[PDB]
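Comments concern the structure below.
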Amino acid sequence: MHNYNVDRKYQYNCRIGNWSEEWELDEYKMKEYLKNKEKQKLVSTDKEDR
Amino acid sequence: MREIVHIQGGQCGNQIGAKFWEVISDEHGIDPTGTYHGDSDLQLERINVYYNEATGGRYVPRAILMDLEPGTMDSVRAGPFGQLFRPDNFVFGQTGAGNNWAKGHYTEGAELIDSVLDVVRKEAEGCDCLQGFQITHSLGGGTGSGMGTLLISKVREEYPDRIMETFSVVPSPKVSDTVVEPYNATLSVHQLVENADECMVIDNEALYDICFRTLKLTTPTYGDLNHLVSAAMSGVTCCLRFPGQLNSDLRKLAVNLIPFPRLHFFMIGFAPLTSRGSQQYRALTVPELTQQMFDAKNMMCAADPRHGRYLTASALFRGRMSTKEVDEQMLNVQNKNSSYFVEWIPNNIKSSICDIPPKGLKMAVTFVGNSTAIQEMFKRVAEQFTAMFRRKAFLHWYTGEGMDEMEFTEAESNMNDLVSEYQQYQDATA
Amino acid sequence: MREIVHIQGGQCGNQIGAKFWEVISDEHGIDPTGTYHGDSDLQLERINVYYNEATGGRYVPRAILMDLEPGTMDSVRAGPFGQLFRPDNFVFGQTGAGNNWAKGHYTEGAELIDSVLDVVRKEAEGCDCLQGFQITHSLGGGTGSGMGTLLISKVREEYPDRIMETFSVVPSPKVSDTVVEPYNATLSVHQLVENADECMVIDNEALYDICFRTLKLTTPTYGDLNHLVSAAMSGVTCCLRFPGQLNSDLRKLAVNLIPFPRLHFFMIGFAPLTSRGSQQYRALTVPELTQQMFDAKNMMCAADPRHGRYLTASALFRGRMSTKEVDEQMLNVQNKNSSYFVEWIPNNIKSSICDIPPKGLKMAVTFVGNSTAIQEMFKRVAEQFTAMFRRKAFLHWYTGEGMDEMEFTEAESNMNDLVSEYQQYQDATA
Amino acid sequence: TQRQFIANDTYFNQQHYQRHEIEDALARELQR
Amino acid sequence: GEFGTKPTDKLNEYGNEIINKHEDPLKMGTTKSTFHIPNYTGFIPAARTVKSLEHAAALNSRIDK
Amino acid sequence: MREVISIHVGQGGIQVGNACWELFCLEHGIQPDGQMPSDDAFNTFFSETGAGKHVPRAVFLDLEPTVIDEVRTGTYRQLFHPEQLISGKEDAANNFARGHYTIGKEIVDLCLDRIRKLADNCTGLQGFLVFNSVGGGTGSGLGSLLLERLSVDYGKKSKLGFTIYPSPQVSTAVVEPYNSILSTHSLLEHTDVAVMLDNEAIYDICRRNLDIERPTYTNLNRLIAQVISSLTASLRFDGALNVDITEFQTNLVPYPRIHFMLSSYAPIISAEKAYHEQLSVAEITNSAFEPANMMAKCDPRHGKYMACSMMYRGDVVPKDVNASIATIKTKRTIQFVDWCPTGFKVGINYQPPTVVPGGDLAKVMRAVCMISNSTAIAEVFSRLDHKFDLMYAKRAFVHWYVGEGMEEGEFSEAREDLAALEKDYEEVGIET
Amino acid sequence: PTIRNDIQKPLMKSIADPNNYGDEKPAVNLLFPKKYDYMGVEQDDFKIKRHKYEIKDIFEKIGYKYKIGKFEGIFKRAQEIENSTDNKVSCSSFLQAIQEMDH
Ligand SMILES: Nc1nc2c(ncn2[C@@H]2O[C@H](COP(=O)(O)OP(=O)(O)OP(=O)(O)O)[C@@H](O)[C@H]2O)c(=O)[nH]1
Ligand SMILES: Nc1nc2c(ncn2[C@@H]2O[C@H](COP(=O)(O)OP(=O)(O)O)[C@@H](O)[C@H]2O)c(=O)[nH]1
Ligand SMILES: Nc1nc2c(ncn2[C@@H]2O[C@H](COP(=O)(O)OP(=O)(O)O)[C@@H](O)[C@H]2O)c(=O)[nH]1
Ligand SMILES: [Mg+2]
């Protein structure tokens, strides 16, 4: 019966609550950013090439 | 989830709390500046139990400091780890209780305790899930003996179903520095037995004996005793803060240790303890740990454990070992010391395993036990109290602030019948 | 498995034990820091018989050093092989005994024995399977014979089924160092006969004699004398620590050489012994080994074997040799000296073979024997005792510590009774 | 924090686990 | 096992396991820590240091007498 | 934040007060002109002026100007407040009635106004320290009057009196047994704690330990100042076991009428024979219980002990005190009362004592100061009672008192109060 | 003084010596020994800088072996991490230098 939105929250490292969902999004955030390396469409690449 | 708050009062309690935070911060790898500089993820997995964090990611302990004088607070804020504590939590008076239970509970503590009770309400409402309270205080001193027990009463009144911890150092007849110790001790225990769920008893002379005998260091100081007490404290909640083969929280300990509601006075000890010159000769094994655990001199209390029979025993194992070996050791010691264990309850030893040992050690065990041997402490304190009270010595300070001898007589009765019903089970047989 | 614990008490006991651990450690290839450095596989298989493992790879003996004066242990620790001993096992008094049996057995050793009894219990329970005890002590000294024999009784009543041996250096009238030797010597043997399972006597006078006629060194000292005793000690349990053709543990020795429960005083001897200059000339063979071991001069005590009748004898052979050449040579002396072996226990020779000879020697034989010749040793001590007792000389020292003349009379009667029953077997015929 | 550990499928705690076995081995060699 | 590790990762190309005998704290001082056949009653050292290991391992059979 | 006010009255009180303020300046490094060349420990005795100098928190009161004018013309002129030195014109001249009914009435108004001007500045006032010699006119006359006025104006503030009672067999005045008892009646119900500081004991201390065969009053006053510094040392210095002024009467007073106590100090040695002894904690605490070392001419072996508040300043270790105290209890010549099982209140401080340049004392790592309450103090009240009855039986020296406005019958109440006090000591001492 | 740090102390303890020499370890260290206090090796050994000829031997004794040229590179970058004038490098610092490398 663990409940979310329990007033103030810690970081995602702690296991207070809603850490798994937050961790999954953060993990996928760089995997998309990893895909940004797979296909040469990084804005950093554009400015470094610039 | 299941966090607990820490509140301390008096000079002795403040020192105990300061060194406990010392040990806990070192264990969790927190820079005195409040910044996490740890190395493993397990250090941060269960930090919510003892710590909150503010803006910027720095962590702060949820500790509240109370006193009637600013002498100890200014000394503890100027030392190491003195900046973790949130500054508003420093709530204190300006005059002092003057080693008087009446002054610390009726005149000055009563008027000042409103602010500290407000801030503890704030912390309890802020925390996700209050699991219990823990308090450090001394039964001898004025401000501690009064305000600690008054605040226990108020906290229990507002929170009926929570767990109360009191690591209390009782006065001793050998090492005594105050003349009116028995009065305050009796008045404190009278209110303490009524409200507190768990009470930890510690003796100054027992710590001195341990330091002189086991560690064999020539010059003990108050810092070393505080450090030993702090290690014992952390050993209790290690199992809650870290995973293990058999997890055990505070609630499980109370159920498995308390047969009847009024019998909640426990003695604690720590293993291993070795001297510097003999630390490399010893072998860290479970049988050695159990032998040192059941060693009578290892208990941090002056009670003689072999002068009475154990009701229940509990051992919390820190470090990684095998379950079967510890199980068999517990059975073996149970069979070997049947005379020192009560016979109408079977399998009266509780065992738990926590896989994270203390820093710098591969294995460690925290021991807590409930035995009739503690009656000697109350008997020796009662003997002094009645001897001083028969002549009504030093009584008009207590009677000068609304108290009367009737309250003292009632307090004596509540102590005496407690001893009687505690020793009744020693000779009660099935 | 079947390991034994060592306890050394008194000045002489510590001196004997100081060289004993030096001999064993070199045999097992253990440096004085406890780091194993052996060259053969067999030197590690039975290390646990005498040594305990500690974390870090070092080894520590399971020996307890006890005395009532701290001076002797101050010297042995600083000497070679002094770092092996566990600093915890060092237990000492504060005032000393002053060669007074009553002081070292009734008044001062009584309260000190609590600490020494706790540590020996800790060692005894640590081992998986206890085998026995070995004690080194002096019967002519106060603390050596007083606290020594007191520990004999306390240990025996706690482990009635384990075996237990003692190495006692009885006083010799020719080499006399104290004026009150007859008193405490008589008292100590009174308790020793009732409790000790095995006892092996020693005289310093014989040690001086053996050094002169066999080793012919001009300047002996206590170090050389202790070496002869230490070599004999290691011989008895050598076949226990190493495989052999016919293994013979300590219980093997007890059953064969003890015809009756109270006849447990033995005669010891070690062979071969050779001077430095004649080492190359002599041929080390079984005929030579048997001839030298049976020499009355080779006996380690002042007792004269050819003045009595051998009850039983035992020989432990170390080294590789045909088992037969041991056999008929035992019969060779047995039939050639039929007047020197008891007729109603025919074939009274114990022979055991161990395949590991001492370091530096190819063959060696340790001989321990039970003979009627020990009566003169007890007869002469009783002669001195009753001569100095009739005038009640030096008696006020012992009567000032709660001991009465009834105790003195009983002990001399028992020693007189022991001699009488021990020699009637000499006159016994089938 | 240089969260390199999630690029390849390796757990974050590997960074100091393998550190100590090397550091444990060094201590044992120094002891001998 | 920990995240990212298959249960079969600790195997060689032949399929046999890779055994580090002295790594496990539990089995040290037991027959599996050494190469002896089970029920061997000789003393096995407890602590581990980089000369007793070679003698205690007994990889090859002892020399006949 | 914690402050105390010092009241000096009479020549005896003043001539020991200036010695005390010499010692206090050295401890905090305040120069005699008041400036400090180069944390706020001084706040208990001094108050910052806003820019520079620190002024003492004490008021000097006297009816004769000889001693006060000595201070004003001395090198400590610039330290004290100019209007905090109250002086009169006519001496009391060994007459108690003059200081309590004739001249002391016109000066007490001025002193109370200044004390009021000093208490409002303070915020955490702890109590009062008043110094006065009992066997004198203005010392006993004004001292009684100030105690009466302060007790109603301030009330619950604890007042500590460091009185110097007349010596048993030697004395300066001839009629001092008269006015010693008269002031005894006043201080019994108006001061919290009184300390016995006669001169005979201090003479013996200088002769045996310091080997001073002909000491002057200044040597006596320096020794007294050291005791006062030790008592206050826990207030202004961090320590392992701090003790406050309010934590004295809660632990030293068994019954409200029994609050007379005597002190001791150790070690007291010169700087050349200090090389030959180690001054261990075990032996300095034994010298404290030597009956010859009591600051009052009383033999404690003639009575029981009630309580003992003894303090160590220096680098003492808490374990050492318990070892030393345990030996004391095992000793048989020192016995306590039966209804007080534990009687030691011990404090430890980290501040070793200082020494004045050119002083007799030597600087050491350890010192112990004691305040002890014992039943043996009943003798001193009896011996003054015996002396008073001898003279009053023929009404000697009485016409000087009745003619100054005091009733003849007042001597009856003063005498009957001492007899009542004696009845209390003999009643409490008996076993139960 | 309570602790005798000006007595030059004796090399051999008299088993019954009741005074302190300033080398006593506080219980804070005793309760949590500094990692390797049970092996007789104290960690103020890694900080002593060592030359390459013995560091290499130590590390092949451990089990880490590198070909020449690679070893001089790791030694030089360990020295760079140390940033000390002497060529000798601390063993621990060389360990973190390897930890940075191997990829
Ligand atoms: N210890 C000590 N006692 C002093 C000193 N000076 C005076 N006395 C004591 O004071 C007593 C006499 O009173 P005084 O101090 O001389 O005069 P007073 O107290 O000012 O009272 P008046 O007579 O009205 O001036 C003597 O018996 C002394 O014991 C001193 O310097 N040191
Ligand atoms: N363990 C420990 N005990 C102390 C310490 N300081 C004082 N005590 C004990 O506390 C008792 C006095 O309590 P006190 O300080 O007056 O309590 P308070 O008045 O509430 O501050 C003494 O008997 C001491 O044994 C300390 O630092 N550590
Ligand atoms: N073999 C041997 N015998 C010794 C040594 N030292 C003393 N003795 C013997 O012990 C006897 C004295 O015993 P003592 O030390 O007084 O016994 P204690 O008083 O109980 O300690 C003497 O007769 C010596 O022959 C030694 O180093 N080696
Ligand atoms: Mg005057």
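All residue names refer to the structure tokens as shown: chains lettered A, B, ... in order, residues numbered from 1 in each chain, ligands numbered from 1 in order.
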
Practice problem: Select all residues from chain D having any atom no more than 10 Å from an atom of chain A (counting only C-alpha atoms, ignoring ligands), output as a VMD selection string. | Solution: chain D and resid 3 6 to 7

Practice problem: Check the DSSP output for the backbone and give back, as JSON, numbers by chain, the residues of stretch 363-423 of chain F in strand (DSSP E). | Solution: {"F": [366, 367, 368, 369, 370, 371, 372, 373, 374]}

Quiz item: ligand 3: which residues are within 8 Å, counting only C-alpha atoms and all ligand atoms, as a PyMOL selection string?
Solution: chain C and resi 9-16+67+97-100+137-146+169+171-172+175-178+203-204+222-223+225-226+229

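Neighbouring residues of stretch 58-61 of chain E at 8 Å or closer, counting only C-alpha atoms and skipping chain neighbours under 3 positions away, are residues 34, 35, 36, 54 and 55 of chain E.
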
Self-check item: Contact residues (chain G, partner chain D, 12 Å, only C-alpha atoms) as a PyMOL selection string
Solution: chain G and resi 35-46+55+57-64+91-100

Would you write out those residues with C-alpha atoms, as a JSON list (two decimals), in the first residue's frame?
```json
[["chain", "number", "residue", "atom", "x", "y", "z"],
["G", 35, "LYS", "CA", 41.09, -1.61, 8.00],
["G", 36, "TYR", "CA", 44.26, -3.73, 8.08],
["G", 37, "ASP", "CA", 45.19, -3.59, 11.77],
["G", 38, "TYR", "CA", 44.52, -7.35, 12.01],
["G", 39, "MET", "CA", 47.25, -8.27, 9.49],
["G", 40, "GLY", "CA", 50.12, -6.41, 11.17],
["G", 41, "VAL", "CA", 50.41, -4.11, 8.13],
["G", 42, "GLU", "CA", 49.51, -0.47, 8.72],
["G", 43, "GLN", "CA", 48.43, 1.67, 5.78],
["G", 44, "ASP", "CA", 51.13, 4.32, 6.21],
["G", 45, "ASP", "CA", 53.06, 2.08, 3.81],
["G", 46, "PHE", "CA", 51.33, 2.84, 0.50],
["G", 55, "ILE", "CA", 57.03, -1.33, -8.00],
["G", 57, "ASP", "CA", 58.26, -6.55, -9.04],
["G", 58, "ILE", "CA", 55.52, -5.92, -6.47],
["G", 59, "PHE", "CA", 52.91, -5.83, -9.21],
["G", 60, "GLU", "CA", 54.07, -8.98, -11.02],
["G", 61, "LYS", "CA", 54.05, -10.63, -7.59],
["G", 62, "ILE", "CA", 50.42, -9.52, -7.25],
["G", 63, "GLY", "CA", 49.63, -10.84, -10.72],
["G", 64, "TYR", "CA", 49.52, -7.77, -12.97],
["G", 91, "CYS", "CA", 52.41, 2.45, -4.63],
["G", 92, "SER", "CA", 48.83, 3.55, -3.94],
["G", 93, "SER", "CA", 49.05, 6.44, -6.42],
["G", 94, "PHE", "CA", 50.39, 4.00, -9.02],
["G", 95, "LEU", "CA", 47.37, 1.84, -8.21],
["G", 96, "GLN", "CA", 44.91, 4.64, -8.99],
["G", 97, "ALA", "CA", 47.01, 5.38, -12.09],
["G", 98, "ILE", "CA", 46.37, 1.81, -13.26],
["G", 99, "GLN", "CA", 42.71, 2.23, -12.30],
["G", 100, "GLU", "CA", 42.50, 5.23, -14.64]]
```

Practice problem: From the DSSP assignment of the backbone, select every residue of stretch 167-237 of chain B that is alpha helix (DSSP H), and format the answer as a PyMOL selection string. | Solution: chain B and resi 181-195+204-210+222-237
